[PDB]
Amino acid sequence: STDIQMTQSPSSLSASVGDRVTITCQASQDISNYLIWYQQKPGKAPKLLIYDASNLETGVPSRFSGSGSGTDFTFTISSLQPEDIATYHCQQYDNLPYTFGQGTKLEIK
């Protein structure tokens, strides 16, 4: 089996506080619902926000959400807050090696 490639878009974006942020990831092969979205700030552990493509982890604000199943996935922050400024990554865990998208770095306009 060839490694699963995750194509994540955009690589960077700028938006204003309150804005709706939309990030997509496409898997090169069908990974069912086995996708995680992580938030990563500089020098900190990547923090799991969503697992099983659409399930929110404990204590993660509900403005973070995921959808999709198979190959085409979408992550949304429905209102961007200052504390959400970070790089976000998708990761598939259908099959080792677990592989990541290239990341989307957010900044405030």
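Note that residue numbering follows the sequence shown and begins at 1.
Ranked within its chain, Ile31 lands in the highest third, by CA B factor from the PDB record. Remark: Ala45 belongs to the highest third of its chain, ranked by C-alpha B-factor as recorded.
Ranked against the other modelled residues of its chain, the C-alpha B-factor of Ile77 as given in the entry falls in the lowest third. When the modelled residues of the chain are ordered by C-alpha B-factor, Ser67 sits in the middle third. When the modelled residues of the chain are ordered by their C-alpha B factor, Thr7 lands in the lowest third.
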